[PDB]
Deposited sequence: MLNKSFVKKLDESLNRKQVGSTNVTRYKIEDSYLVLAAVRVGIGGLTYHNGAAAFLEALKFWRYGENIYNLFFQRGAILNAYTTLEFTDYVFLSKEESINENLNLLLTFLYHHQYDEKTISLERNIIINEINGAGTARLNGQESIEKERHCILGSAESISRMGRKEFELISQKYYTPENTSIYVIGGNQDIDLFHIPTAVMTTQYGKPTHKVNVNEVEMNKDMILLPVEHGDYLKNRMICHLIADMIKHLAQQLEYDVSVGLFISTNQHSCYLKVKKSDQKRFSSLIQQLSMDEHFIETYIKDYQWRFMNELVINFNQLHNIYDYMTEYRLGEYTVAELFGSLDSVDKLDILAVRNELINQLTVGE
């Protein structure tokens, strides 16, 4: 809305290549901590169900050393987690420790040797974690598979780095691990959404109408509209979202048991002519307000960088995309949703 605020945010936001990876930087003056996030794309591993999570556990180990313990002794808590397309390694610390903590983290992530006893130990842990074919698939993979997968996916080229808060720049001199490359380039963005993400009792509905950013806008808009209409009719419809950084399209998750009710609500959207227009206006106002509020928490800024690729895109482009969503975009996606629901 107000141009000087969008301009204010964008002058703190930047993204540049560092070595063979990329660093997205959002500087915050006088922030109390700095958030660093290292994100590895593992979408291709979804055909080996559970391999990405297994790798995540292996990556905490290097020459008998555990990087969670090393970080803990330095007063930093390292958190990691694996979604369908990425494995994240995230930590908070004071800015003075960012360079050394980040380079130590990349030292572990770009280590590619794991002996037999380490692999079998992490497998045993994951099997007990299953009880507390995901368990089956990692039982069919050995040392040579995990080491090859590490060399193919845990590379600078397949890594995104995000550093939020503070005011120092990340450069190659301080992070020489950002050139620790292998003979393998960035892998294809293929993904086994069809098995891991959905099971046979759900359906995926594509929200894809051209624009990467607008797909997120329209997907949230339609999910919010359907939830509100379900509230008024007191439906029981659960609408999940599949919104992933490496996916150009966005997707809605609806139980196969709720398909008829969901289909009725999608058709209900165009019943009131002014409902779509005024709901778009409300969403645009709520989106900007929430961004203003959310840009005070480091983790929330990180979520904008992963969902909307903020850094590659500017905040001005984010709001320009938001302001370009119209009634015709909603109707076009409504029509395509109905065609998918029909067949």
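Trainee: In sequence order, which parts of the deposited sequence are missing C-alpha coordinates?
Mentor: Residues lacking C-alpha coordinates: 1, 134-153, 365-366.
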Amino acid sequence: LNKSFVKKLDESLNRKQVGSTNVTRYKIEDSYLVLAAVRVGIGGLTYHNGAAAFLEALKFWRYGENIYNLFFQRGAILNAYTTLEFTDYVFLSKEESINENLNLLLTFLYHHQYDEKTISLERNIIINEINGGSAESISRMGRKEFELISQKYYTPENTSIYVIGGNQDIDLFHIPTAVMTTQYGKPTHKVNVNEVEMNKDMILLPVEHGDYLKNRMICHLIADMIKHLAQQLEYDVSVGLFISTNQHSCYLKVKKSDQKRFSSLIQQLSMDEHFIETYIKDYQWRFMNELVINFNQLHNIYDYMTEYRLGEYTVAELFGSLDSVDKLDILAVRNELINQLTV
From here on, numbers count along this sequence of modelled residues.
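Trainee: Comparing average C-alpha B factors as deposited, tell me which of 306-314 and 40-48 sits higher.
Mentor: Mean CA B-factor is higher for 40-48.
Trainee: Averaged over C-alpha atoms, is the B-factor higher for 245-253 or for 230-238 in this PDB entry?
Mentor: Higher mean C-alpha B-factor: 230-238.
Trainee: Between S93, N192, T87, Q113, which one tops the list for Cα B-factor in this entry?
Mentor: In this record, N192 carries the highest C-alpha B-factor of the candidates.
Trainee: Sorting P187, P176, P206, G165 by Cα temperature factor from the record, which one lands on top?
Mentor: Of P187, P176, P206, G165, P187 has the highest C-alpha B-factor.
Trainee: What third of its chain, lowest, middle or highest, does the C-alpha temperature factor of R74 fall into?
Mentor: According to the entry, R74 has a C-alpha B-factor in the chain's middle third.
Trainee: Rank-wise, by C-alpha B-factor, drop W285 into the lowest, middle or highest third of its chain.
Mentor: CA B-factor rank for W285: highest third.
Trainee: Name the third of the chain's ranked CA B-factors that contains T159, choosing lowest, middle or highest.
Mentor: Ranked within chain, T159 CA B lands in the lowest tercile.
Trainee: Looking at the temperature factor on the CA atom of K16, which third of the chain's modelled residues does it land in?
Mentor: For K16, the deposited C-alpha B-factor lands in the middle third.
Trainee: Report the third (lowest, middle or highest) to which the CA temperature factor of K200 belongs, ranking only the modelled residues of the same chain.
Mentor: Top third by C-alpha B-factor.
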